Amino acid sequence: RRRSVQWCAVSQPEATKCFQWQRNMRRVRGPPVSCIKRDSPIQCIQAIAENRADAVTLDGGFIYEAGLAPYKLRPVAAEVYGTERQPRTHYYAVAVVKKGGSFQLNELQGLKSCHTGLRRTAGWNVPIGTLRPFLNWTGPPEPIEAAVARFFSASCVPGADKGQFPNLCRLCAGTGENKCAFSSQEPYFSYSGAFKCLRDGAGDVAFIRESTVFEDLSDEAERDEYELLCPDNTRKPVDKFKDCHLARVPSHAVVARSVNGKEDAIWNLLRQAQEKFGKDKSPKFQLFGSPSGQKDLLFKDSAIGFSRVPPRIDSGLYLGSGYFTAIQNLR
């Protein structure tokens, strides 16, 4: 196995961008990156743990996952969102509803929900953490997926077990065996997909990140047609997300092994790839951009750079006391 930095792609389209990243890094005399192909973040986590890959960008839900045994991976570099002059290392998980109705955060029982995917931050860990006191959940031998399936009348939760929990997959738009899939094959997957599940009239509430509604809808008059649910059981316009979110959580991060993780090499690659292929840096290639019809390949599209994670910080410390306690509490 080569001594350079090997990146983990969770899908064919991701691999293609990653191939391009390699071609471009080599053309401009910078640090090399190659690509390893897997089908899910879990598989990428296992790959890095087992010394078949070195690096992948995970959502908070999977950073937590990758911190456990036998993996023990740590965040090495965080995504930086926002704008060059006002940069953010956190994001708000919100609940997005259609303007017109009058149901509040405490009146969600028997309504239809959209989620980014199972065990993700804004789409599962925050909403389900928030709603748990309504779910009437008993614990093992009952999985939490059952109580949620009783709670909402129907939902899309990509990656949910379709066998035992068909009611969490009902709402999904995937064709055949790609229904409820944890990938782009499912049109309602991730931030962008979950909002589409609401837009099409298929759902009633979308559990996503604060910036999604601004990314997908360019016209202000269209955005005036949507609202957020505040946890004080009030509705507010979408641009009032600071006063109306469900959690503030740290951004997605690249993870690597706790020991022999190639940490220096990864950061050297990311710093150097950012200066050469970050925001407005090059017409030839974009590290933080995806072709049409693809979303957030390798890194968040609206990401503007990276921020190094200080040495003595593991996954638990990265996610912060509040969210880290909350996940454990949810399980």
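Residue indices: 1-based, along the sequence shown.
Requested in this report: Give the stretch, out of 50-58 and 274-282, with the larger mean C-alpha temperature factor in the deposited entry.
Outcome: Comparing averages over the C-alpha atoms only gives 274-282.
Query raised in the report: Between 174-182 and 205-213, which has the higher average C-alpha B-factor in the PDB entry?
Result: Mean B over CA atoms: larger for 174-182.
Query raised in the report: Whose CA atom has the top B-factor in the entry, of 78, 122, 160, 255?
Result: That would be 160, according to the entry.
Query - Out of 149, 97, 118, 126, highest CA B-factor residue - result: Comparing C-alpha B-factors across 149, 97, 118, 126, the top value belongs to 149.
**Report entry** Entry-reported Cα temperature factor of residue 251, expressed as the chain third it lands in
**Finding:** Bottom third by C-alpha B-factor.
Query raised in the report: By the record's CA B-factor, is residue 93 among the lowest, middle or highest third of residues in the chain?
Result: Residue 93: CA B-factor falls in the lowest third of its chain.
Query raised in the report: What third of the chain, by the recorded C-alpha B-factor, contains residue 137?
Result: Residue 137: CA B-factor falls in the highest third of its chain.
Requested in this report: Comparing against every modelled residue in the chain, figure out the third that the C-alpha B-factor of residue 188 lands in (lowest, middle or highest).
Outcome: Answer is middle: the recorded C-alpha B-factor places it there.
Query raised in the report: According to the PDB entry, is the CA B factor of residue 71 in the bottom, middle or top third of its chain, that is, lowest, middle or highest?
Result: Bottom third by C-alpha B-factor.
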